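First comes the structure, then the notes that go with it.
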Amino acid sequence: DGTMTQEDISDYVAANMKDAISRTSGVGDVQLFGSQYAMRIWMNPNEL
Amino acid sequence: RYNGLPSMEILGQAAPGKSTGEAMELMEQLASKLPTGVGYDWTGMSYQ
């Protein structure tokens with residue numbers, strides 16, 4: 001329904017799904033095809 | 001927290017005459033009619 005972007009999905013998978021799946025019976029290693037949301041502080045050297 | 005997510009452990013026992021299977025079935029039914037984003041699970045003796 002184009003409400004969530006590519007990285008919006010990745011954040012939900014990382015935060016809500018990945019941990020629960022990684023502790024599931026028989027699961028070895030879990031590789032996220034994306035990245036969990038961090039607080040990005042994009043610095044501007046002109047203003048800085 | 002239970003399995004990484006925030007939780008609250010609730011204890012109880014089947015009423016006189018009724019079995020644990022019948023009691024647990026109603027807790028599931030009542031838990032289904034809770035607010036959006038509120039799930040449940042069984043642990044300890046209720047897991048086994």
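Naming scheme: A, B, ... for chains in displayed order of the structure tokens; residues 1 onward per chain; ligands 1 onward as shown.
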Using only C-alpha atoms, select each residue of chain B with any atom at most 10 Å away from an atom of chain A, and give the selection as a tab-separated table (two decimals) with C-alpha atoms, in the first residue's frame.
```
chain	number	residue	atom	x	y	z
B	3	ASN	CA	11.51	-13.19	24.60
B	4	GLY	CA	13.06	-9.67	24.22
B	5	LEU	CA	9.66	-7.82	24.25
```
Quick one: pick out all helix (DSSP H, G or I) residues within chain B from a backbone DSSP run and write them as a ChimeraX atom specification.
/B:20-32
Excluding region 23-38 of chain B and its own-chain neighbours fewer than 3 positions away, which residues fall within 7 Å of it when counting only C-alpha atoms? Please give them as an NGL selection string.
:B and (14 or 19-20)
Preceding selection exported with N, CA and C atoms as a short mmCIF file (atom, residue, chain, number, x, y, z; two decimals), in the first residue's frame:
```
data_model
loop_
_atom_site.label_atom_id
_atom_site.label_comp_id
_atom_site.auth_asym_id
_atom_site.auth_seq_id
_atom_site.Cartn_x
_atom_site.Cartn_y
_atom_site.Cartn_z
N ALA B 14 -7.31 -23.27 37.09
CA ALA B 14 -8.63 -23.78 36.66
C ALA B 14 -9.56 -23.86 37.88
N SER B 19 -10.85 -28.26 33.96
CA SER B 19 -9.45 -28.66 33.68
C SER B 19 -8.62 -27.42 33.31
N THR B 20 -7.30 -27.58 33.22
CA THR B 20 -6.33 -26.51 32.87
C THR B 20 -6.49 -26.15 31.39
#
```
Grab the CA of residue 39 (chain B) to CA of residue 2 (chain B) distance for me, in Å with one decimal place.
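Calculated distance between CA of residue 39 (chain B) and CA of residue 2 (chain B) is 11.4 Å.
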What's around residue 37 (chain A) at 9 Å? Count only C-alpha atoms, leave out sequence neighbours fewer than 4 positions away in its own chain, and write the answer as a list in words.
residues 7, 8, 10, 11, 12, 14 and 15 of chain A
Could you save those same residues with N, CA and C atoms as a JSON list (two decimals), in the first residue's frame?
```json
[["chain", "number", "residue", "atom", "x", "y", "z"],
["A", 7, "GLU", "N", 13.41, 1.36, 3.63],
["A", 7, "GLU", "CA", 14.14, 1.41, 4.93],
["A", 7, "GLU", "C", 13.16, 1.37, 6.11],
["A", 8, "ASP", "N", 11.90, 1.77, 5.90],
["A", 8, "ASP", "CA", 10.81, 1.65, 6.91],
["A", 8, "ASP", "C", 10.54, 0.17, 7.19],
["A", 10, "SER", "N", 12.72, -2.41, 6.57],
["A", 10, "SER", "CA", 14.00, -2.89, 7.16],
["A", 10, "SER", "C", 14.02, -2.64, 8.67],
["A", 11, "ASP", "N", 13.60, -1.45, 9.11],
["A", 11, "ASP", "CA", 13.56, -1.05, 10.54],
["A", 11, "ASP", "C", 12.61, -1.98, 11.30],
["A", 12, "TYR", "N", 11.42, -2.23, 10.77],
["A", 12, "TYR", "CA", 10.39, -3.10, 11.39],
["A", 12, "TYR", "C", 10.93, -4.53, 11.48],
["A", 14, "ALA", "N", 14.10, -5.52, 11.48],
["A", 14, "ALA", "CA", 15.25, -5.46, 12.42],
["A", 14, "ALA", "C", 14.75, -5.42, 13.87],
["A", 15, "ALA", "N", 13.77, -4.56, 14.16],
["A", 15, "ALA", "CA", 13.32, -4.20, 15.53],
["A", 15, "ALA", "C", 12.28, -5.20, 16.06]]
```
Two-atom distance - CA of residue 33 (chain A), CA of residue 13 (chain A) (Å)
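The value is 9.3 Å.
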